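Undergrad: Have a look at this one before I ask anything.
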Amino acid sequence: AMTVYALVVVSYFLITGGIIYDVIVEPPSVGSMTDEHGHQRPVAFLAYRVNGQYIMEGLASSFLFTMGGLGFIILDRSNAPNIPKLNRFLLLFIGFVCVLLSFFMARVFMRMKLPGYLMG
Amino acid sequence: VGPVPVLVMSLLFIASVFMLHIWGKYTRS
Amino acid sequence: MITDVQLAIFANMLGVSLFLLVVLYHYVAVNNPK
Amino acid sequence: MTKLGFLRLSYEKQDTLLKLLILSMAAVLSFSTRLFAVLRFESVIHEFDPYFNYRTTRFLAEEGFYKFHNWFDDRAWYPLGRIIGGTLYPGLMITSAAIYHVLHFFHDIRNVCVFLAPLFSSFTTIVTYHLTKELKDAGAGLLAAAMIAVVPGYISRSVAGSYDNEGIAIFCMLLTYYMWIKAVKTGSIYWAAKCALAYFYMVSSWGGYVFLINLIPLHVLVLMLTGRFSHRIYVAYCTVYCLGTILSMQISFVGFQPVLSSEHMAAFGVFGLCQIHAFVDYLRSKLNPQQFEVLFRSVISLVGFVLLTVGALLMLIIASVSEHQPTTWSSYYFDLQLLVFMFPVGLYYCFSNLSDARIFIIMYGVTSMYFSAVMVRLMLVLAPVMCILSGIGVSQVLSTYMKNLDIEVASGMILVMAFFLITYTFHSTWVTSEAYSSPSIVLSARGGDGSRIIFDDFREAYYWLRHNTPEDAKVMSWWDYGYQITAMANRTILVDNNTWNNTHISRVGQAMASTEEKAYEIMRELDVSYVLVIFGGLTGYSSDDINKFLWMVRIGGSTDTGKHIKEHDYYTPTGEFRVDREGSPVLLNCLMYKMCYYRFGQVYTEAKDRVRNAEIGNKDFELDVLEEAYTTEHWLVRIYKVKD
Ligand SMILES: *[C@@H]1O[C@H](CO)[C@@H](O[C@@H]2O[C@H](CO)[C@@H](O[C@@H]3O[C@H](CO[C@H]4O[C@H](CO)[C@@H](O)[C@H](O[C@H]5O[C@H](CO)[C@@H](O)[C@H](O)[C@@H]5O)[C@@H]4O)[C@@H](O)[C@H](O[C@H]4O[C@H](CO)[C@@H](O)[C@H](O)[C@@H]4O[C@H]4O[C@H](CO)[C@@H](O)[C@H](O)[C@@H]4O[C@H]4O[C@H](CO)[C@@H](O)[C@H](O)[C@@H]4O)[C@@H]3O)[C@H](O)[C@H]2NC(C)=O)[C@H](O)[C@H]1NC(C)=O
Ligand SMILES: CC(=O)N[C@@H]1[C@@H](O)[C@H](O)[C@@H](CO)O[C@@H]1CP(=O)(O)OP(=O)(O)OC/C=C(/C)CC/C=C(/C)CC/C=C(/C)CCC=C(C)C
């Protein structure tokens with residue numbers, strides 16, 4: 001059934017996110033040492049070592065991934081057929097899903113560049 | 001809302017908050 | 001012998017040629033009937 | 001000139017003109033891409049792993065010959081030794097020695113273990129096309145073949161300079177799916193015999209077939225519950241099962257194991273239940289659904305369950321190595337950029353048009369996701385999976401959206417997918433240059449901007465061992481450098497990586513111990529001539545036996561004194577690590593703080609050893625039981641003239 005697909009996409013970001021860092025769990029975001037004045041500002045996603053993450057890093061990554069895929073699901077399931085409201089609902093659907101697609105890929109590109117320092 | 005600027009107006013307000021929040025935090029660390 | 005960066009630009013243009021030409025295949029395959 | 005281009009007889013012929021065009025220059029890409037890791041620096045072998053393979057590789061073309069010669073060595077593992085009873089898989093080696101049976105007859109041995117992997121990639125990117133023809137389309141694979149041609153992590157673990165034991169296991173595995181999936185789709189049993197004969201090539205090389213028979217029958221188990229049996233599942237499945245078991249039975253690593261281990265034993269139980277359920281379907285379809293089929297249904301069920309009871313009664317440093325630890329999205333999306341995004345897409349399409357063949361790939365998309373959740377080294381198993389379904393996914397999205405127009409949404413949706421996807425091939429071009437274009441035996445250093453220091457202490461020291469040492473010798477340092485010492489040195493050794501005898505490795509921890517009087521006695525037990533250790537102190541990011549020293553510290557076996565208690569000394573006595581003057585004094589009397597350190601108070605200044613950011617100041621020059629054998633060029637390895 002399609003509920004099995006629901007189960008799998010549920011499992012998707014669940015084991016993209018943090019099952020690897022369930023036992024190696026590293027707490028969410030604080031690592032600044034006063035930087036000049038202000039003591040313990042929580043920093044970010046980890047950047048210097050590549051393999052590590054925190055809980056807050058992983059969840060964000062997983063969320064970015066499944067929304068993109070299910071945006072393509074929405075492109076398939078409704079935008080290619082022609083049955084519903086042919087000027088109001090459809091245009092919304094392609095609009096927000098194209099927004100999903102473009103801004104999602106853009107921000108994930110940003111969230112690999114800034115933790116990664118890769119030449120873009 | 002004959003016009004959509006009221007929304008855009010709200011977005012401008014958030015940006016003013018958004019940008020002006022980190023804008024003073026620029027000189028700090 | 002060719003260098004590293006020359007090979008990098010080589011791989012870039014080859015991959016671009018490749019994927020665009022995939023799209024061209026996919027057009028010719030979708031258009032012309034069975 | 002010659003304007004007859006796009007009016008040739010396309011979809012029949014110019015179809016194939018474009019087909020074989022992509023099957024040329026896409027396959028160019030995989031082999032070409034691997035190359036700049038060895039074009040940039042090396043000539044022969046990057047990692048430490050291909051040395052132990054390369055030695056026996058050139059052996060089994062020099063003198064050994066597998067059908068008439070397996071082989072024994074005393075050169076490794078003094079005094080125990082290891083032989084082709086271990087090292088699962090000559091499928092690398094027989095491949096390489098076959099290639100320079102042939103091409104050497106056509107006329108080198110350098111160029112056969114280093115050029116091989118690019119070759120593997122090229123071949124694999126053409127077998128993935130003939131695979132993916134069978135799934136959606138020939139059009140589905142023509143973007144999919146490029147995907148495994150330049151998925152950079154699959155490039156990364158098999159680069160130009162790789163010769164890993166799983167270096168061509170992937171090709172076999174992929175091939176066995178071409179050799180399974182139109183046997184399932186068409187029960188052609190000559191062709192399924194060709195399938196099992198191909199399976200033997202995988203079941204040689206790398207132990208992922210313990211994975212594969214975790215995969216293939218339990219997939220079949222899925223086809224119980226979805227109920228989509230036929231003959232043409234069954235008639236193809238019995239062949240590669242039962243004949244494949246005997247072809248595994250030929251091999252020693254899996255030996256009489258295909259009788260006994262908990263995975264493929266349950267796979268055998270699944271084969272038995274499958275062949276019963278085929279037979280059950282055959283009978284009882286000539287008879288009615290009477291009462292009496294329920295009666296001997298009870299009879300045959302009780303005989304089957306008592307078979308289940310008789311079966312259930314009778315049931316007969318690696319973690320530390322940084323890569324076997326679990327990985328996040330960096331191995332992920334850093335690994336597999338656009339091709340993560342498209343992974344559910346075709347999978348949705350595979351749950352849209354859920355055909356008979358595609359459910360196997362869906363199970364293969366589940367399982368390898370679950371397994372590359374824990375080992376990034378196992379990431380290679382998910383290396384083509386993603387490229388399969390994303391290969392479907394784009395070829396769904398593209399097909400549906402060049403559908404609509406030429407026969408404004410498609411004036412975006414086609415138009416994004418170029419720059420959406422080809423940014424991928426930017427990433428694949430260059431992440432391959434960043435992380436993975438660096439060997440294990442030659443370390444790139446820092447310090448200048450023009451003609452900067454980027455320099456070969458391993459070949460300097462190992463080639464000292466290959467000139468100025470006796471023939472019969474000792475090599476003992478630590479196990480993860482065990483093959484390379486057998487690369488160029490031709491020197492007899494005690495330990496090595498694998499780890500089939502754990503006790504033999506555990507008394508090397510008492511050879512790298514606290515008490516020099518007992519450690520040197522354990523040395524004198526084990527026929528010493530030479531000892532090695534590696535530094536990393538004054539540039540940091542190199543390894544060695546001082547940061548896997550915690551591993552040595554807690555290694556414990558056949559011991560009662562010292563190595564019993566995991567602390568031993570090494571903490572500040574509240575329980576925190578220090579090594580220096582503020583460190584701990586039995587560590588000062590341990591080996592590795594004096595084993596390594598001689599005359600280092602006298603050479604560097606300004607309070608360094610960048611690994612610890614340590615200090616000069618210990619007297620620390622006390623060779624109670626040894627002498628120096630190599631005063632170093634770049635503090636690299638102090639070779640130990642083992643003194644009486
Ligand atoms: C992986 O690597 C591992 C490390 O490299 C390797 O492990 C090693 O494996 C070898 C092979 O088995 C082990 O050697 C044996 O160890 C036995 C352990 O005995 C312990 O307990 C005894 C008391 O119960 C102690 O006596 C004994 O030694 C102590 O005393 C020594 C002298 O004072 C001293 O040097 C020791 O350090 C220690 O203090 C130890 O503590 C040991 O019993 C055994 O000795 C017999 O075998 C030797 C030949 O193999 C003979 O030289 C020796 O004299 C003994 O011979 C007996 O057995 C022979 C047949 O086996 C007979 O022919 C002999 O006549 C004699 O038989 C008498 O005794 C029998 C009962 O045992 C009886 O049936 C007979 O009728 C007769 O009365 C041997 O040394 C080694 O210990 C392992 N080391 C470690 C660290 O684990 C492992 O094998 C590798 N893995 C693989 C798969 O290969
Ligand atoms: C050069 C060298 O050292 N070779 C040795 C080799 O000779 C030796 O036999 C071997 C063992 O010592 O190790 C050296 C070579 P290797 O490291 O590549 O072998 P290895 O350690 O066995 O590697 C193991 C990798 C695998 C891919 C095997 C399977 C791993 C598993 C965790 C089991 C999975 C279970 C399944 C049902 C499969 C499907 C997956 C699901 C359902 C999640």
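Every chain in the structure tokens takes a letter, A first, then B, and so on in the order presented; its residues are numbered from 1, and the ligands are numbered from 1 following the presented order.
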Near chain C, which residues of chain D fall within 9 Å when you count only C-alpha atoms, and what do they look like as a ChimeraX atom specification?
TA: /D:10-11,15,18-19,22,25-26,28-29,32-33,35-37,39-40,139-140,142-143,146,150,395,398-400,402-403,406-407,414,418,421-423,425-426,428-430,433
Undergrad: Could you save those same residues with C-alpha atoms as a CSV table (one decimal), in the first residue's frame?
TA:
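Dumped to again_34.csv:
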chain,number,residue,atom,x,y,z
D,10,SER,CA,15.6,8.7,-35.4
D,11,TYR,CA,13.7,6.6,-32.8
D,15,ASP,CA,18.3,6.8,-31.6
D,18,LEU,CA,22.8,9.1,-29.8
D,19,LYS,CA,22.7,6.0,-27.6
D,22,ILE,CA,26.4,8.7,-24.6
D,25,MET,CA,31.4,9.6,-23.5
D,26,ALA,CA,29.6,8.9,-20.3
D,28,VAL,CA,34.7,8.1,-20.6
D,29,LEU,CA,33.8,10.1,-17.5
D,32,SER,CA,38.8,9.9,-16.6
D,33,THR,CA,37.6,11.3,-13.3
D,35,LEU,CA,42.6,9.9,-12.6
D,36,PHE,CA,43.6,13.2,-11.1
D,37,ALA,CA,44.3,11.7,-7.7
D,39,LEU,CA,47.9,12.6,-12.0
D,40,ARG,CA,48.2,15.1,-9.2
D,139,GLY,CA,15.9,6.3,-21.8
D,140,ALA,CA,15.9,5.8,-18.0
D,142,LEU,CA,20.9,7.1,-20.2
D,143,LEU,CA,20.9,9.6,-17.4
D,146,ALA,CA,26.3,9.0,-15.8
D,150,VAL,CA,30.3,10.3,-11.4
D,395,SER,CA,13.6,10.1,-16.1
D,398,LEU,CA,11.8,14.7,-17.6
D,399,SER,CA,9.5,12.3,-19.5
D,400,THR,CA,6.3,13.8,-18.1
D,402,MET,CA,8.9,17.2,-22.1
D,403,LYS,CA,5.7,15.5,-22.8
D,406,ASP,CA,6.4,20.5,-28.4
D,407,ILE,CA,4.2,17.7,-29.6
D,414,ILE,CA,12.6,21.3,-18.0
D,418,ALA,CA,19.6,21.1,-16.5
D,421,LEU,CA,21.2,18.5,-12.1
D,422,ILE,CA,24.4,19.7,-13.8
D,423,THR,CA,25.5,21.5,-10.7
D,425,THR,CA,28.7,17.5,-12.1
D,426,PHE,CA,30.5,20.6,-10.8
D,428,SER,CA,31.6,15.7,-8.6
D,429,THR,CA,34.4,17.3,-10.5
D,430,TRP,CA,36.0,18.9,-7.5
D,433,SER,CA,40.0,16.8,-5.8
Undergrad: Please give me, as a PyMOL selection string, the residues lying within 6 Å of ligand 2 when counting only C-alpha atoms and all ligand atoms.
TA: chain D and resi 86-88+165-166+206-208+210-212+214-215+367-368+370-371+498
Undergrad: To one decimal place, how far is CA of residue 244 (chain D) from CA of residue 67 (chain D) in Å?
TA: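 Atom-to-atom, CA of residue 244 (chain D) to CA of residue 67 (chain D), that is 19.4 Å.
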Undergrad: Using only C-alpha atoms, determine which residues lie at most 12 Å from residue 69 (chain A), disregarding the query and same-chain residues fewer than 2 positions distant; provide the list as a ChimeraX atom specification.
TA: /A:9-10,12-13,62-67,71-76,97,100-101,104-105 /D:338-349,390,393-394,397
Undergrad: Could you give me, as a ChimeraX atom specification, the residues within 8 Å of residue 385 (chain D), counting only C-alpha atoms and dropping anything in the same chain fewer than 6 positions from it?
TA: /D:361,364-365,368
Undergrad: Mind pulling up the distance from CA of residue 19 (chain A) to CA of residue 360 (chain D)?
TA: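 One can read the CA of residue 360 (chain D) to CA of residue 19 (chain A) distance as 24.8 Å.
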Undergrad: Counting only C-alpha atoms, which residues from chain A have an atom at most 8 Å from any atom of chain B, and could you show them as a ChimeraX atom specification?
TA: /A:34-38
Undergrad: Those same residues - C-alpha atoms - I'd like them written as a tab-separated table (two decimals), in the first residue's frame.
TA:
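Saved the output as again14.tsv:
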chain	number	residue	atom	x	y	z
A	34	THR	CA	33.55	34.65	24.58
A	35	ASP	CA	34.92	35.49	21.05
A	36	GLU	CA	35.98	38.72	22.59
A	37	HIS	CA	33.34	39.67	25.19
A	38	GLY	CA	30.17	37.58	25.19
